[PDB]
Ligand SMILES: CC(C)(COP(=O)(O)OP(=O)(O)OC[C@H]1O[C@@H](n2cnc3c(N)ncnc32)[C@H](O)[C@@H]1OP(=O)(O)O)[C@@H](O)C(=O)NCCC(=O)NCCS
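Listed next as structure tokens is one chain, alone, in the form solved without the named molecule.
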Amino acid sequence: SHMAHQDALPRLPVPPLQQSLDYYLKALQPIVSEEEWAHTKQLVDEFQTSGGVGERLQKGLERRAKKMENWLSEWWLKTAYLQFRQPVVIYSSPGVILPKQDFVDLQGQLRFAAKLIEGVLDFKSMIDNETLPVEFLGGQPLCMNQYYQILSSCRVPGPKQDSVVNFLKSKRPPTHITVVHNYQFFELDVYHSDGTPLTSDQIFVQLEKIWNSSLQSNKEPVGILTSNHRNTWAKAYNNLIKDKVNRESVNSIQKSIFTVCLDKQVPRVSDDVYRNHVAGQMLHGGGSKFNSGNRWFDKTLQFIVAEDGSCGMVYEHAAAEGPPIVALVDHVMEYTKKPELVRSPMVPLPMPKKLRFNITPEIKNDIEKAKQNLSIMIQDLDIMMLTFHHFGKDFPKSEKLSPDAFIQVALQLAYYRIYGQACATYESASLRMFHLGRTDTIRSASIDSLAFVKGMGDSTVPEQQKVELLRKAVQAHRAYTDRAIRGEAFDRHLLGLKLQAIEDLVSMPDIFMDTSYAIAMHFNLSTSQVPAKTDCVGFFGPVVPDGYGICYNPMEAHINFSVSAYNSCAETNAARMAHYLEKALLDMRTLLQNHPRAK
């Protein structure tokens, strides 16, 4: 946004080598054996010895920070996403379930979709004109770059690694979105010749034409191709665009401001699993016989409007970070509530262009393979949605405790109660205090959290001691969180040192081949907070086979939770985890309320 704002942003720092390594050792203590830790302790000493390996890699990073706007940006984008070859569906792109709407028929479905589209466009005008209010935290400026990467962008498959395209500020910025109904894509202009955007009224009319132009689900679901493994899709994609019309259709989709999915009616399911199924619809589409073919997962922003009133979205992580999504969601959902103005007469509108795909035996075969792969992926995903109604940010705030820290500690307690030990845990920290900053790691399994979880279930530890361990664990998490936001965390730094060595063509440092590092980076618990004003929540699959994916949005008086796991791992169970988490949150509240400070 504002040039002066961005120019005043500090550059991402390179923490002192001794600092990060000391923090690293501290974070390893609760998750590795005494034997593995003592060894890592030795490797760390060797790594930072004067004139040693680590010393040179550090200087390498320091030279890097001097020459680039952000020393970590490209590396992070490349290693975390562009080089990740698993399908983006479930394993990378987060899904979000929004408040269910009240429409009961197709007309209502199109009307809402029309309103949503207008809302996103309204948000876009602020981004285009850079009038989007600049943001701060604790009095310090926050980078606004993330906002200029979510619209008019798309991920592009590559044989070895993928890439991202962004046309928001190209010579001739896109003025159309893409609409997909019954697996058929349409190019819809949402701006009149004079630059003004179409009204919800005008949009509805265009959506009506699109719906009518694709009444049956009688076309191959080419879109489902985007849900396959990245190496597989890269090849199928190359073949797909050999045809001129296909290439043109793909191009229109890639350049579209965003995509809106008008989903088809799905079978009824028992009430107790309804939310779980809707989450599924937003994350992956539910399957080849449902709405998965009504998607283009390479697209950065996909808004989904279900037939039964439900709605949500799925965003591609390479190009989109959490903050901009939250802002867009809160803005759009409010816009959909603002009083619509009196209907001004309507002018003629063109027919939205259908983006056809010429099917061949090769493309058809690729589609069938994609259906099979996605069916396997979905069958292995175990999702449990939990609406914690007992309390929200209100209780923790009444105890002068950070709600996010409180939740993370509860999760640590729940995990320990089930497995009897702690595990590498990941929570995302925002690095927006720095120019082009994305994320760093907050490690929730710590010396203090382990002390608390153990003491909580130890009959020999007096409740008064248990409550003190609880407050220390929460305060310790809060401190880690604040340090990470200030660039004092160590995970991206250690990654940087490793990448620096790779680039310098030196032998992989021992500290990275260390078993302790492998354990440290294998997150059995991968979490994320969605601090939105809108009553919504996100979800994603676990980052490891034997892990859980836990997302939450703390509201004032309740907390929205999603817990995912893979069935292929017999040791994990989403429902069981959600149950323990609920009880953990409750037991922590009970302990605190019965053992207050002093009068």
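Start at 1 and count along the sequence shown; that's the residue number.
One more form of this protein, deposited with the named molecule bound, exists but is not displayed; see below.
Although the partner is absent here, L137 is a contact residue: one of its heavy atoms lies within 4.5 angstroms of the named molecule in the deposited complex.
Proximity of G322 to the named molecule in the deposited complex falls within the 4.5 Å heavy atom cutoff. Although the partner is absent here, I442 is a contact residue: one of its heavy atoms lies within 4.5 angstroms of the named molecule in the deposited complex. Using a 4.5 angstroms limit between non-hydrogen atoms, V530 touches the named molecule in the deposited complex. Comment: the named molecule is not present in this chain, but in the deposited complex one of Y315, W71, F434, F357 has a heavy atom within 4.5 Å of it, namely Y315. None of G119, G223, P403, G280 but one reaches within 4.5 angstroms of the named molecule in the deposited complex through a heavy atom, and that residue is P403. Of the candidate stretches 99-107, 420-428, 330-338, 293-301, only 420-428 has residues whose heavy atoms lie within 4.5 Å of the named molecule in the deposited complex. With contact defined as any non-hydrogen atom lying within 4.5 angstroms of the named molecule in the deposited complex, the contacting residues in 473-488 are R478, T481, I485, given in sequence order.
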